[PDB]
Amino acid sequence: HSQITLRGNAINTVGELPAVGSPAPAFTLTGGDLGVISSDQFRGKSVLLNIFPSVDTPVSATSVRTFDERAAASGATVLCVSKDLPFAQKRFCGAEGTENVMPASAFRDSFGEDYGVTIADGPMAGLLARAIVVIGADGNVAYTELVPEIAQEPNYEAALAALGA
């Protein structure tokens, strides 16, 4: 089980991110329209998981906008994964015009425990930590970042080099 900071104060996740080279855990998430978004849908393609506390937080929202702009440019598949309700993700994407990213919600699924990423303690317990996971066409993890501090933006450049690779 891992460790990050929220405003310089130490907090814990419930596990660890999947190891590079190993099989990315299977997932079934909830789409904006309450449909499913299964890992099986991305098999044989690369996908980046942009994992964060909430679209309704500022660094998280910025990451959605930045990945939407950058994906737009390249046809990259980016999944924006959080504990938001589907309705919040959808409302955000619709308010902002952010239409390359696919929002997906972990509100009724095991994603957060499975990816080691649920915050275990402090003010944000139950949300997902800020992390990036690149899953290759192969289904195995190509690259990961656990952002050290929650108020820090993800490393977009390293995540997307991994993804294009």
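The first residue of the shown sequence is 1; numbering continues from there.
Checklist entry - In the PDB record, does 90-98 or 70-78 carry the higher mean Cα temperature factor? => result Comparing averages over the C-alpha atoms only gives 70-78.
Item to check | Residue with highest C-alpha B-factor in the PDB entry, from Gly139, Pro53, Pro58, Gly112 | outcome: Comparing C-alpha B-factors across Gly139, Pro53, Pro58, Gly112, the maximum falls on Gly139.
Checklist entry - Taking the C-alpha B-factors as the PDB entry records them, is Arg108 in the lowest, middle or highest third of its chain? => result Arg108: CA B-factor falls in the middle third of its chain.
Next on the checklist: Looking at the temperature factor on the CA atom of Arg65, which third of the chain's modelled residues does it land in?
Outcome noted: According to the entry, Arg65 has a C-alpha B-factor in the chain's lowest third.
Checklist entry - Mind checking which third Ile135 falls in for C-alpha B-factor across the chain? => result Its C-alpha B-factor, which the entry lists for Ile135, ranks in the highest third among residues of this chain.
Checklist entry - Lowest, middle or highest third: where is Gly126 by C-alpha B factor in its chain? => result Its C-alpha B-factor belongs to the lowest third of this chain's values.
Next on the checklist: How does the C-alpha B factor of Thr28 compare with the rest of the chain: lowest, middle or highest third?
Outcome noted: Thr28: CA B-factor falls in the middle third of its chain.
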